[PDB]
**Student:** 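Provided herewith is a single structure, encoded as structure tokens, for subsequent inquiry.
Per chain, numbering begins at 1; letters A, B, ... match sequence-line order. Numbering of ligands and ligand atoms starts at 1, following listing order. The figures that follow rest on heavy atoms only: side chains count, while hydrogens, waters and symmetry mates do not.
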Amino acid sequence: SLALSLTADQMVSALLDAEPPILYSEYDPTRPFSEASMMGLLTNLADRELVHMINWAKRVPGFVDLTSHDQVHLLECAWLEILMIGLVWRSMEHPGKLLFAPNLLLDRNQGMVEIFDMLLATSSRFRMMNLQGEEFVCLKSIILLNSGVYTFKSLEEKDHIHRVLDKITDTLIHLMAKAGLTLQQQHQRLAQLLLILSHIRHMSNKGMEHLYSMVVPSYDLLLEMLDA
Amino acid sequence: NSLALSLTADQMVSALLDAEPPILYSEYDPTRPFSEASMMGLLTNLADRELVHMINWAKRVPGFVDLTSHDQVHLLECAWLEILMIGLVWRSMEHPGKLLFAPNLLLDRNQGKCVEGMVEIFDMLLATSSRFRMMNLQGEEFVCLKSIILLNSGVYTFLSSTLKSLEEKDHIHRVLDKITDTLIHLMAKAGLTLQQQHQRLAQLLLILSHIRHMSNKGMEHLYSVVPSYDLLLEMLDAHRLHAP
Ligand SMILES: O=S(=O)([C@@H]1C[C@@H]2O[C@H]1C(c1ccc(O)cc1)=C2c1ccc(O)cc1)N(CC(F)(F)F)c1ccc(O)cc1
Ligand SMILES: O=S(=O)([C@@H]1C[C@@H]2O[C@H]1C(c1ccc(O)cc1)=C2c1ccc(O)cc1)N(CC(F)(F)F)c1ccc(O)cc1
């Protein structure tokens, strides 16, 4: 695959170009706040974000080398983690608030609040680490390829995914070396970034558990969206 | 404030190997075949006995006893099932297609069906054991990973705004950095290239996301027996018991 031939710079350029835009909520600012429903707005936003995520996934180097079945399985496993890391990234520069959209910026009180606090904690960790956009797009691609890989031609698929994950590792280390980090700082920061992925997994599972208590894209919906 | 951050990679590995808990046995001669009740009964009895030894292990993980009793319990509340699960996956590595719960309790996929919906988690644990076998995970790496689960799982859910809480969080991140250095040291000693070292570090830590997922699924299925704050605090304190 041409994906395994990419330099760190080509991988970063690919991922930056594939980035979805930041979407707005359908919140009409000329209309009062009590017209707007919070779960209503977020569902509508997530549904629009999912179309963008599908087209983003297809542009992640190596992803379209997989079978349609394997693509859907990785998306089924990663979609809420991908939504959540996007939210945390957008919220970084707004301490104590979650920027769901530029027109839906919420503080803790207006949140449910269990997950809010976990997302705020992740945003604070990214701010403390000074997470860079080039690092963020690498981490979001790792979530896509890693989340579903341990729950799968299948041997060849898994091998291909692990080789693309290794290329993303090389890319993260290259970015850190370019930024002037020592070898020791490079490995410490690589580990700090990847350990936050365990917290995003945890938040996604809690989020799934809360969704059921209070929308989830099916295998078939994701397959149809990939084929479209 | 402590000597934990002063350890070398070699001293850290020695500390973690020495702290390793014992392998326990399941109840001898349980009635087979299992019901859902009797299978859950056996596994609960094993996990409850393992939890005592995990607390003693936790106290010997460098830096853990530098935290407040409250922060120690918080990390254990968040990590205990992940710690039990990575232990099970480690024990099961040399038994493809089976989970070695205990030396006297070796179960294949079909026996997981006795408790709906526990075959799902069985398959995920078997997949993790296969991944560890594929990576040739070493004992020195396994003890590092188990310590990372203990320190990492609960660290992002201390939300407090005291100077002490900031200092606690900073201390945990510094111990986690020393364990990272220790993993890299082990790989460099084994003769891996810098590129191979970073790739293997990332492969090991990404499997921790899968263990978190299994732990959450496990909890979600249990709800559809969890050690209390008070039980964990009593076990940490290890106060002398009044005679029966
Ligand atoms: O986990 S939550 O359920 C959920 C997951 C996350 O938050 C909600 C959400 C969602 C997703 C799909 C969908 O169809 C409806 C919502 C997210 C989301 C994330 C990023 C993104 O770009 C778009 C959507 N949550 C907690 C919280 F703390 F407030 F976040 C919540 C939120 C509001 C609310 O009234 C009740 C709960
Ligand atoms: O396995 S379980 O998921 C469970 C969760 C996980 O494993 C068990 C658990 C635990 C939980 C509480 C406790 O007091 C004793 C053990 C953990 C564990 C993990 C690793 C380890 O080395 C030691 C203990 N299971 C039955 C099934 F068929 F096996 F699935 C079940 C358990 C509890 C429950 O409330 C409902 C269902």
**Student:** Taking only residues at least two apart or on different chains, which pairs with a member in residues 109-128 of chain A satisfy salt bridge (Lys or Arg N to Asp or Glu O under 4.0 Å)?
**Tutor:** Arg108(A)-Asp117(A)

**Student:** List below, pair by pair, the N or O atoms of ligand 2 and of the protein that are less than 3.5 Å apart, including the distance to 0.1 Å; reply 'none' if no pair qualifies.
**Tutor:**
| unit_1 | atom_1 | unit_2 | atom_2 | d |
| --- | --- | --- | --- | --- |
| ligand 2 | 14 (O) | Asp48(B) | OD1 | 3.1 |
| ligand 2 | 14 (O) | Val225(B) | O | 2.3 |
| ligand 2 | 22 (O) | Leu84(B) | O | 2.7 |

**Student:** Would you mind running through ligand 1 and noting each atom that sits below 4.0 Å from a heavy atom of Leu211(A)?
**Tutor:** 3 (O)

**Student:** Could you check whether any side-chain N or O of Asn205(A) sits under 3.5 Å from a backbone N or O of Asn216(B), counting only pairs where one atom can act as donor and the other as acceptor?
**Tutor:** no

**Student:** Would you kindly say whether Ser228(B) and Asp230(B) are connected by a side-chain donor-acceptor distance under 3.5 Å?
**Tutor:** no

**Student:** Under 3.5 Å, is there a donor-acceptor pair linking the side chains of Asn136(B) and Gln138(B)?
**Tutor:** yes

**Student:** In terms of side-chain heavy atoms, does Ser26(B) have a donor or acceptor partner in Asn104(B) at a distance below 3.5 Å?
**Tutor:** no

**Student:** For a side chain to side chain contact (heavy atoms under 4.5 Å, CB included) check, start with the C-alpha distance between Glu224(A) and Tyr219(A), then their side-chain angles and the critical distance, and finish with the verdict.
**Tutor:** CA-CA 9 Å; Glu224(A) 181 75 346; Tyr219(A) 180 92; over 6 Å; no

**Student:** Is it the case that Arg48(A) and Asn44(A) place a side-chain donor and acceptor less than 3.5 Å from each other?
**Tutor:**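 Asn44(A) and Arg48(A) do have a side-chain donor-acceptor pair below 3.5 Å.
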
**Student:** Show which atoms of ligand 1 fall inside a sub-4.0 Å distance from at least one heavy-atom site of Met214(A).
**Tutor:**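 The atoms of ligand 1 under 4.0 Å from a heavy atom of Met214(A) are 3 (O), 36 (C), 37 (C).
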
